[PDB]
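Please read the structure below before turning to the comments.
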Amino acid sequence: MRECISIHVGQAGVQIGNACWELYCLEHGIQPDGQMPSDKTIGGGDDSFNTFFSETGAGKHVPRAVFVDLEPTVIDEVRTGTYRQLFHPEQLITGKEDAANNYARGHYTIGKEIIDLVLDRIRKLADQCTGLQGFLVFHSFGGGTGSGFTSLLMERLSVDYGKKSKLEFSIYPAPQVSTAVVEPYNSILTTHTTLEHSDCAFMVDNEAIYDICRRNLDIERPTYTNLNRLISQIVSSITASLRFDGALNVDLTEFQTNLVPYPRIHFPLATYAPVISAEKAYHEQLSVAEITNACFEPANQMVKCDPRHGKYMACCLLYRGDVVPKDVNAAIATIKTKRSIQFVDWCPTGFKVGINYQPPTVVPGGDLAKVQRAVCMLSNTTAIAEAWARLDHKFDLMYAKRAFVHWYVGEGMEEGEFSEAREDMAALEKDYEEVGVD
Amino acid sequence: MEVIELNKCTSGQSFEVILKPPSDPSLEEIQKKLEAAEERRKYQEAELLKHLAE
Amino acid sequence: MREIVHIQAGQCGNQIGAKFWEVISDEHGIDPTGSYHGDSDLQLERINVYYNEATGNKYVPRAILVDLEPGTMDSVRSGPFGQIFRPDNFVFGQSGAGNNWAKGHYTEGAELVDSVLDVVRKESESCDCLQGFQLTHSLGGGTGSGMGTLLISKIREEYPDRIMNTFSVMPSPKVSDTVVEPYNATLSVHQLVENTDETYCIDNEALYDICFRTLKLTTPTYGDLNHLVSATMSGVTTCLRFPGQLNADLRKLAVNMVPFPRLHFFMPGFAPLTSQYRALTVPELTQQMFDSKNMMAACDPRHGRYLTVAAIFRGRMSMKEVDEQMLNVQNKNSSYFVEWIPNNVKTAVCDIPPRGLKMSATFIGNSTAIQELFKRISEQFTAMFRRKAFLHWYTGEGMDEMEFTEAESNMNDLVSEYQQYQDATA
Amino acid sequence: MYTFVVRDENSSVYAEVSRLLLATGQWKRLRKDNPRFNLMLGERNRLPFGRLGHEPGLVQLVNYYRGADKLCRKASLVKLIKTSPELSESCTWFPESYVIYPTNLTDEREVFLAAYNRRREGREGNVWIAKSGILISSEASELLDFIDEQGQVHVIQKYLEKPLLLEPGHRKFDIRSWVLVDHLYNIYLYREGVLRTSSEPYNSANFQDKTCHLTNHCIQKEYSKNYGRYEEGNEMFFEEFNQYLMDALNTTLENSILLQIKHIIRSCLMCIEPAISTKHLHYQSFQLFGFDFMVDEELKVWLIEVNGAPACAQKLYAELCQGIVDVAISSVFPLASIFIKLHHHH
Ligand SMILES: Nc1nc2c(ncn2[C@@H]2O[C@H](COP(=O)(O)OP(=O)(O)OP(=O)(O)O)[C@@H](O)[C@H]2O)c(=O)[nH]1
Ligand SMILES: Nc1ncnc2c1ncn2[C@@H]1O[C@H](COP(=O)(O)OP(=O)(O)CP(=O)(O)O)[C@@H](O)[C@H]1O
Ligand SMILES: Nc1nc2c(ncn2[C@@H]2O[C@H](COP(=O)(O)OP(=O)(O)O)[C@@H](O)[C@H]2O)c(=O)[nH]1
Ligand SMILES: Oc1cccc(CN2CCSCC2)c1
Ligand SMILES: Oc1cccc(CN2CCSCC2)c1
Ligand SMILES: [Ca+2]
Ligand SMILES: [Ca+2]
Ligand SMILES: [Ca+2]
Ligand SMILES: [Mg+2]
Ligand SMILES: [Mg+2]
Ligand SMILES: [Mg+2]
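Each protein sequence line maps, in turn, to chains A, E, B and F.
First residue of the first sequence: 1, per the authors' numbering; consecutive thereafter.
Counted the way the authors' numbering counts, the second sequence spans residues 6 to 28, 44 to 74.
Counted the way the authors' numbering counts, the third sequence spans residues 1 to 42, 45 to 277, 282 to 360, 369 to 440.
Counted the way the authors' numbering counts, the fourth sequence spans residues 1 to 105, 125 to 151, 159 to 362, 373 to 382.
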């Protein structure tokens with residue numbers, strides 16, 4: 001058994017982390033007080049779920065998580081919420097005032113003063129791990145903390161834990177659920193300095209989660225709670241292999257090995273299905289073929305783009321529920337005959353498949369309907385470059401007038417970092433086109 | 006349409022299906053970066069207080 | 001715990017400040033004796051942003067009342083909620099400022115500024131984490147204008163990294179007390195361009211026109227104009243005083259509303275403005295709020311372009327319908343929104359409507383149309399200054415002509431900076 | 001009130017559509033860089049499809065289908081027809097073609132020679148045409171040397187040595203059909219087509235003078251010496267062409283040719299529908315196409331190419347451009373039939 005430490009940075013990371021650990025507990029039969037009746041080894045054990053939970057002598061199963069935010073109002077919800085008992089206070093770190101959506105402020109001004117503390121707390125978790133695999137870092141692109149402090153943390157992690165994998169769950173900025181105007185700046189600044197430090201990053205576009213919540217769940221105006229429960233379903237699908245007995249994606253290094261041929265191109269596309277409204281009278285349970293075909297519909301993608309006009313480098317199907325290999329290969333064969341799935345000429349046209357028999361768990365009273373089988377497809381497509389183009393274009397419009405630049409310079413950043421970061425994104429866009437276009 | 010590496014356990018199974026074969045900055049350097057930015061913030065503040073003292 | 005220290009200076013500053021505390025004290029359930037008698041936890047959620055808590059569950063506004071003559075602050079102390087203010091936070095002189103910027107900024111005001119800062123320091127020393135400061139004042143008089151901007155300058159020196167916010171009443175010959183108002187305003191705008199982070203421009207002419215033409219007030223009074231200011235101030239601070247999926251502290255507002263440091267002057271708008283029991287649908291709120299006749303800057307937004315817009319809707323209404331209406335206003339008047347700041351129109355919703371209203375909408379715009387307000391001032395200023403009219407009131411206080419020339423050049427530069435981005439394209 | 005941007009100032013077609021849109025008093029044109037638009041009249045090259053359909057509250061529509069180039073590229077079309085099971089290499093309406101890359105750079128060089136030798140040995144007509159600057163030759167040695175002297179990809183296809191010649195004049199011609207595909211992927215055929223006729227007598231014993239073989243409107247009005255003799259501007263419309271078919275062949279344009287044209291259009295467009303459809307997409311596409319056909323002396327219709335940015339016949343701009351606004355734009359942005377629907381299974 002090898003441990004995984006989750007790091008939640010900023011409001012989005014923290015609130016998503018809260019929704020994931022709530023789900024993890026329901027999935028492993030852990031009560032809010034930390035007790036786990038099914039766990040027969042008290043105060044220890046090297047089971048699969050122990051990759052994410054430690055154990056006290058009193059039988060409490062404590063998440064291997066660190067929550068960090070430069071302002072206390074969001075983490076104070078964890079300190080007094082339903083699961084206030086799961087984490088001990090040392091795991092919840094909060095500053096006094098946030099980065100005001102200013103990358104430079106979270107990276108330079110405020111990050112400089114709290115970085116060593118966060119490292120100390122993380123070192124306390126590492127010392128409890130007999131074989132630490134790596135870190136899972138949750139954060140937004142647009143926030144001043146999620147962008148600025150994360151990139152600083154990722155730099156230090158590569159120093160203190162050189163031989164450790166680092167995975168990201170990054171929230172891509174969407175205007176429909178954001179009141180910030182400078183997020184294109186923060187997104188490009190954080191991607192530039194974090195790129196060489198991240199081994200695999202799963203971008204979730206809030207625009208996609210918002211549309212799925214309006215379209216499938218019939219929520220006229222979804223909230224962050226609605227968005228976070230759906231997001232945690234996908235995170236759970238992606239991390240289930242580390243927490244349950246299995247043979248696919250068993251350690252963090254496998255995500256890079258199966259999904260990232262080239263280090264810079266480490267942004268796989270995530271697709272999840274089915275999302276069914278719980279308020280629905282009663283849905284007709286979808287089949288393996290139907291949910292598998294849905295993985296190739298843009299409407300179920302975590303980032304809206306057209307994979308038909310990119311090229312695939314790898315493709316992973318992660319099923320949960322009543323699924324047998326027979327139905328998967330049969331549905332796959334049919335999809336190849338109907339879909340535009342073009343792989344690069346230097347990669348095998350194949351799919352890695354994982355099945356976990358335990359069906360998706362849903363939070364009681366939540367928006368998601370209980371389904372008998374679900375699937376999350378992780379594919380590395382050049383089509384996800386569309387997201388970099390969109391973002392880079394918004395960056396160009398504001399930077400051509402130097403709009404808002406003074407806020408970053410005022411915090412100690414040099415204007416040259418904008419152009420250096422932008423030129424790195426221009427090169428990243430070029431790499432995606434060198435692989436996908438003819 | 007081939008299957009390989011079929012693994013089975015009590016909580017699920019995993020396999021591979023092939024359809025067609027193919028054809044850092046050191047700790048010191050980070051300190052300099054941070055402290056350099058802190059210095060430029062000190063310079064700008066100094067010019068404000070200098071401006072205000074005048 | 002993101003506390004704000006409020007300062008109100010001069011006659012206009014204290015009259016508008018008093019009504020503002022009267023309005024929000026009602027919204028938060030605070031009575032005139034500091035006792036909370038509300039019915040919702042949302045009222046006490048962010049109560050510490052503007053109110054200090056004393057013994058006996060009393061809530062005392064974190065407000066400093068400043069003036070160079072006692073007259074106005076005596077009216078406040080004897081007004082509706084006069085008892086609510088901390089007795090130690092009344093800082094006043096006797097000489098007065100004679101509607102003279104130089105007296106408030108240099109002579110009479112310097113003699114009193116240190117004790118105001120002593121009270122400011124006392125309030126800041128007790129804040130868990132100070133957001134910043136907000137000042138209410140006029141620009142056409144002497145105390146709020148001249149001493150007001152002096153206080154800002156000294157607050158900058160002692161708290162250089164805190165946000166400095168002002169509600170600034172711009173003079174107008176139509177609602178004028180003295181002919182020297184353009185002098186006092188031009189000198190203040192110079193201080194504001196350099197030392198404030200966000201200034202909400204409140205034009206007394208717009209306040210007058212709205213009372214006369216829209217509200218149908220035959221003979222408006224200063225009290226009538228201040229009702230609009232109270233309402234507007236309550237609106238622009240809604241997302242600081244109540245919980246919501248917005249958070250928003252002063253610095254995060256500035257970061258997203260100010261693309262360039264000099265251009266931090268905002269035009270506020272409010273709706274409804276009815277002369282009354284009728285229910286106002288969301289489209290009615292959005293059409294009215296964005297209409298010129300609903301704006302306090304006496305500037306026609308169609309004469310310029312919005313750099314950024316922030317709007318708040320208060321009341322129980324269709325949050326989906328709100329997005330549909332805001333998105334409809336931009337996508338149907340795209341010529342008046344700059345296209346090189348993606349998604350520069352942002353909207354927030356709050357469930358608590360203002369007193370006596372099912373719902374309302376307040377909005378602030380960083381529009382290049384504001385340049386017309388500064389052009390008007392600059393015109394009146396130069397008309398008098400070219401003949402050196404009334405200057406002896408100022409040179410008699412130690413000021414030199416060169417200081418007027420500098421303030422004029424800087425304000426005229428500001429106009430050119432607005433005109434530069436009004437023509438900018440992608 | 002709808003808004004649109006123009007990003008191809010050289011499109012005669014959508015210039016008229018732009019001039020019509022503004023005429024309805026219900027459409028507002030923005031700067032080409034303003035992203036808050038409902039309709040994009042996009043650029044021919046490198047159209048940024050990746051930025052469409054991400055504006056909150058804006059339903060956005062574009063006049064190009066992402067991926068239609070697979071059809072409107074000489075080499076792409078040859079590969080599509082040979083590798084698509086819906087079309088197969090046995091497709092009976094597309095001349096035998098081969099993709100040939102210049103030697104200074125897969126490639127079908129040898130495969131082309133195998134078929135050529137078969138024709139030379141069997142006494143059969145063995146003339147081919149190369150294009151990407160066009161060359162017609164009956165000797166294989168010449169066609170290949172022409173592609174190597176260039177630097178871009180070329181295709182070599184069989185030259186129709188038995189074209190249908192109009193009389194009097196004994197002259198060649200081609201048929202242009204305009205086809206509009208809307209966001210629902212309905213395939214509409216403009217009821218009006220044009221024949222671009224050769225003003226010179228067809229001479230099968232000399233491919234050196236390419237004025238009686240190339241019926242392009244540009245090659246006829248510049249190098250031909252009988253321009254505008256038989257028909258104004260070397261353009262004959264269906265009404266006249268149909269009456270000619272009745273007088274000479276005792277047949278009709280519909281039976282003799284138009285059925286085949288409709289079949290070819292459906293076959294090509296249905297083939298790529300899974301790849302380019304915007305049905306389940308965050309933005310919507312439509313596009314006007316120009317299909318170029320050849321008719322042989324057996325009244326068999328051959329597909330020559332498909333133009334993705336076609337112009338129109340001057341006499342037909344008004345009606346067609348109004349038809350684009352009616353079915354393509356107003357269908358998505360309603361305000362306050374000249375087409376033939378080629379029904380199919382979506
Ligand atoms: N999906 C999702 N997105 C969120 C959530 N909270 C914030 N965001 C997004 O994150 C972006 C804003 O960044 P934040 O995470 O709120 O800022 P931060 O990381 O706390 O850093 P600060 O600027 O210091 O507050 C916007 O695009 C929001 O839409 C959340 O709970 N779920
Ligand atoms: N295989 C073939 N047999 C007979 N004629 C042919 C032919 N291929 C091309 N042509 C002649 O060439 C002309 C069309 O050329 P082509 O369309 O390939 O060039 P082009 O694309 O630059 C002109 P456009 O796109 O405007 O139709 C037709 O008029 C036709 O007469
Ligand atoms: N809206 C409003 N404007 C005022 C009020 N009192 C004064 N003014 C305006 O403010 C200017 C006079 O400044 P004043 O505040 O009286 O001077 P001070 O007391 O020395 O600061 C003139 O432009 C007046 O029209 C008021 O109560 N409300
Ligand atoms: O004119 C100025 C030059 C520098 C700084 C400032 C103060 N402030 C303006 C709002 S943005 C944050 C900075 C004004
Ligand atoms: O930055 C923001 C974006 C949307 C809304 C708000 C809240 N508020 C600010 C004062 S004016 C009314 C609107 C802030
Ligand atoms: Ca155990
Ligand atoms: Ca590393
Ligand atoms: Ca004195
Ligand atoms: Mg935050
Ligand atoms: Mg007065
Ligand atoms: Mg062509």
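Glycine included, C-beta positions come from ideal geometry on N, C-alpha and C.
7 Å Cβ cutoff met for residue i and residue j
| i | j | result |
| --- | --- | --- |
| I75/A | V9/A | no |
| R7/F | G42/F | yes |
| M40/F | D200/F | no |
| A421/A | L189/A | yes |
| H61/A | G34/A | yes |
| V62/B | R88/B | yes |
| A99/A | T145/A | yes |
| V257/B | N102/A | yes |
| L11/E | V159/A | no |
Short CB-CB distance (under 7 Å) between residue i and chain A
| i | result |
| --- | --- |
| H306/F | yes |
| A440/B | yes |
| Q18/E | yes |
CB contact below 7 Å: residue i versus chain E
| i | result |
| --- | --- |
| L248/A | yes |
| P162/B | yes |
| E420/B | no |
| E159/B | yes |
Any C-beta of chain B under 7 Å from that of residue i
| i | result |
| --- | --- |
| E59/E | no |
| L68/E | yes |
| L54/E | no |
Nearest-angstrom Cα separation, counted from residue j out to residue i
| i | j | result |
| --- | --- | --- |
| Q51/E | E196/A | 18 Å |
| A304/B | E77/A | 44 Å |
| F351/A | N249/A | 13 Å |
| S374/B | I66/B | 29 Å |
| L405/B | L70/B | 22 Å |
Spatially closest choice to residue i from the options, by CA coordinates
| i | options | result |
| --- | --- | --- |
| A389/A | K40/A, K430/A and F244/A | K430/A |
| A15/F | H380/F, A344/F and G159/F | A344/F |
| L291/B | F404/B, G246/B, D329/B and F388/B | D329/B |
| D46/A | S187/A, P72/A and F244/A | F244/A |
| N260/F | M272/F, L275/F, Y270/F and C244/F | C244/F |
| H71/E | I49/B, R158/B, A112/B and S128/B | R158/B |
Minimum Cβ-Cβ distance from residue i to chain F less than 7 Å
| i | result |
| --- | --- |
| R390/A | yes |
| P175/A | yes |
**Request:** Examine the Cβ distances between the segment 135 to 144 of chain B and the segment 181 to 194 of chain B and report whether three or more of them are shorter than 8 Å.
**Result:** Yes, they touch.
**Asked** Per the contact definition of three or more C-beta pairs closer than 8 Å, is the segment 409 to 425 of chain A in contact with the segment 318 to 336 of chain A?
**Response** Between the segment 318 to 336 of chain A and the segment 409 to 425 of chain A there are fewer than three C-beta pairs closer than 8 Å, too few to call the two in contact.
**Request:** Could you tell me whether the segment 206 to 222 of chain A touches the segment 235 to 244 of chain A, where touching means 3 or more Cβ pairs closer than 8 Å?
**Result:** No, because fewer than three Cβ pairs between the segment 206 to 222 of chain A and the segment 235 to 244 of chain A fall closer than 8 Å, the two stretches do not touch.
**Prompt:** Does the segment 127 to 143 of chain A come close enough to the segment 168 to 183 of chain A that 3 or more CB-CB pairs lie under 8 Å?
**Reply:** These segments touch.
**Request:** Decide yes or no for the touch test of the segment 143 to 157 of chain B against the segment 104 to 117 of chain B: beta carbon pairs closer than 8 Å, at least 3 of them.
**Result:** Yes, the segment 143 to 157 of chain B is in contact with the segment 104 to 117 of chain B.
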